[PDB]
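Just one chain is shown here, as structure tokens, and it is the form deposited without this ligand.
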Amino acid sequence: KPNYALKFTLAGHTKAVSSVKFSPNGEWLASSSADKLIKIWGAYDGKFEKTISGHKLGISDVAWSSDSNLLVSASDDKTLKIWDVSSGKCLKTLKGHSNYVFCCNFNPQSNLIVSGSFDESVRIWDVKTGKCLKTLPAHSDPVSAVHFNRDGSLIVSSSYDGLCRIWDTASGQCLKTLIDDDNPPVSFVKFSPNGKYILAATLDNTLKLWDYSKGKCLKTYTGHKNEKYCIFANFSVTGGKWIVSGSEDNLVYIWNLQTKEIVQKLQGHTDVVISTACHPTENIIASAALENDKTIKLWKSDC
């Protein structure tokens, strides 16, 4: 079992936090919020670094480029914005979604961004030019998550329509539709580190690890609460192999990936834990909560 203990509480977003992500170089935590702001924080000391501003409405997601130099954010203002973190400059505004942009991610090479929107599409963007390369008719409901696989050749998307779909980055073809019994809304999805699996949250208080090629669910994680929000989930791999997720009961849940047993529950937030992230090299978790809390927390374990 891990022994994550609270080290720092980070405050100053003035509305609900929506997402936290560690920079791939491990130096920084980025946060996004309904307050229309991005904030940067020191990953090891929790020290506030800077605020990045420009969206006209709240932000639902933020993501780092592979070299830790750029961010992309997804906003209710129907745009995504690419940011140079060190200068704070908005390099590009990605326009084309027709409704709230909810999720986003760079590909590993970081020349591309993928986004998902309440307009039910997935879009693939050129980072350098800011242009939308493709618009995928991905879902019949809002798109809750988009993620590239390890070599960027595939995209997984999830939607309240109950589907998780796999897309060929190059062609835009749907290569797979994963069916979950009773089609509960899918609130989060992401590839496993090896790209062979997808971790999917559904709004029935359940997380599942799927061999998506075989359409086989390998693991199921429960005990937490998730029926209303798109809570992120992670693979913790720096120490023990765990699954990490926020919960609507204000806790962070940690499970043994193989045994599916809850190994830890982190107490301290006062509202829904919407987002968790795992540091790339140290056993450190960042968590963030909604409007009644507005804090980000950094926790560390010796294993």
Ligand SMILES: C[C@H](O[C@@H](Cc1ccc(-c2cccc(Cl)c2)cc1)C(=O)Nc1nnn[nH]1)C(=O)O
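If you superpose the two forms and keep the largest set of C-alpha atoms that fall within 1.5 Å, you have the rigid core. Counting begins at 1, following the sequence as shown.
**Student:** Superpose by the rigid core: which stretch, 117-125 or 208-216, shows more Cα shift in 7 other deposited structures of this protein?
**Tutor:** The answer is 208-216, which departs more from the shown form in 7 other deposited structures of this protein.
**Student:** Between 57-65 and 232-240, which has the higher average C-alpha B-factor in the PDB entry?
**Tutor:** So the stretch with the higher mean C-alpha B-factor is 232-240.
**Student:** Could you check the entry and say whether 77-85 or 216-224 has the higher mean CA B-factor?
**Tutor:** The entry gives the higher C-alpha B-factor average to 216-224.
**Student:** Looking at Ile113, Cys164, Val143, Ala170, which one carries the largest C-alpha B-factor according to the PDB entry?
**Tutor:** Out of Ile113, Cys164, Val143, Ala170, the record gives the largest C-alpha B-factor to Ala170.
**Student:** Which has the highest CA B-factor per the PDB entry: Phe102, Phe106, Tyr197, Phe188?
**Tutor:** If I rank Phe102, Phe106, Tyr197, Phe188 by C-alpha B-factor, first place goes to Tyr197.
**Student:** Sort the modelled residues of this chain by their C-alpha B factor and say whether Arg150 lands in the lowest, middle or highest third.
**Tutor:** Top third by C-alpha B-factor.
**Student:** When the deposited Cα B-factors of this chain's modelled residues are ordered and cut into thirds, is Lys36 in the lowest, the middle or the highest one?
**Tutor:** It belongs to the middle third of the chain when residues are ordered by C-alpha B-factor.
**Student:** Grab the CA temperature factor for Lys128 from the record and place it in the lowest, middle or highest third of its chain.
**Tutor:** Its C-alpha B-factor, which the entry lists for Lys128, ranks in the highest third among residues of this chain.
**Student:** Can you tell me whether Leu175 has a C-alpha B-factor in the lowest, middle or highest third compared with the other modelled residues of the same chain?
**Tutor:** According to the entry, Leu175 has a C-alpha B-factor in the chain's highest third.
**Student:** Comparing against every modelled residue in the chain, figure out the third that the C-alpha B-factor of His139 lands in (lowest, middle or highest).
**Tutor:** Tercile = lowest for this residue's CA B-factor.
Heads up, the form solved in complex with this ligand isn't pictured, but that's what we're talking about next.
**Student:** Here blocked means 3 or more ligand atoms within 2.4 Å of a backbone or C-beta atom once this ligand is superposed in from its placement in the deposited bound form. Does this form come out open or blocked?
**Tutor:** The pocket is blocked.
**Student:** Which residue, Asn194, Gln173, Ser213, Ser98, is the contact with this ligand in the deposited bound form, using a 4.5 Å heavy atom cutoff?
**Tutor:** Flagged contact: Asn194.
**Student:** State yes only if every one of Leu209, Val237 and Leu257 has a non-hydrogen atom within 4.5 Å of this ligand in the deposited bound form; otherwise state no.
**Tutor:** Yes.
**Student:** Counting any heavy atom within 4.5 Å as contact, can you tell me which stretch out of 107-115, 213-221, 87-95, 127-135 lines this ligand in the deposited bound form?
**Tutor:** In the other structure, the partner sits against 213-221.
**Student:** I'd like to know if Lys241 sits close to this ligand in the deposited bound form, meaning any non-hydrogen atom pair within 4.5 angstroms.
**Tutor:** Yes, contact at 4.5 Å.
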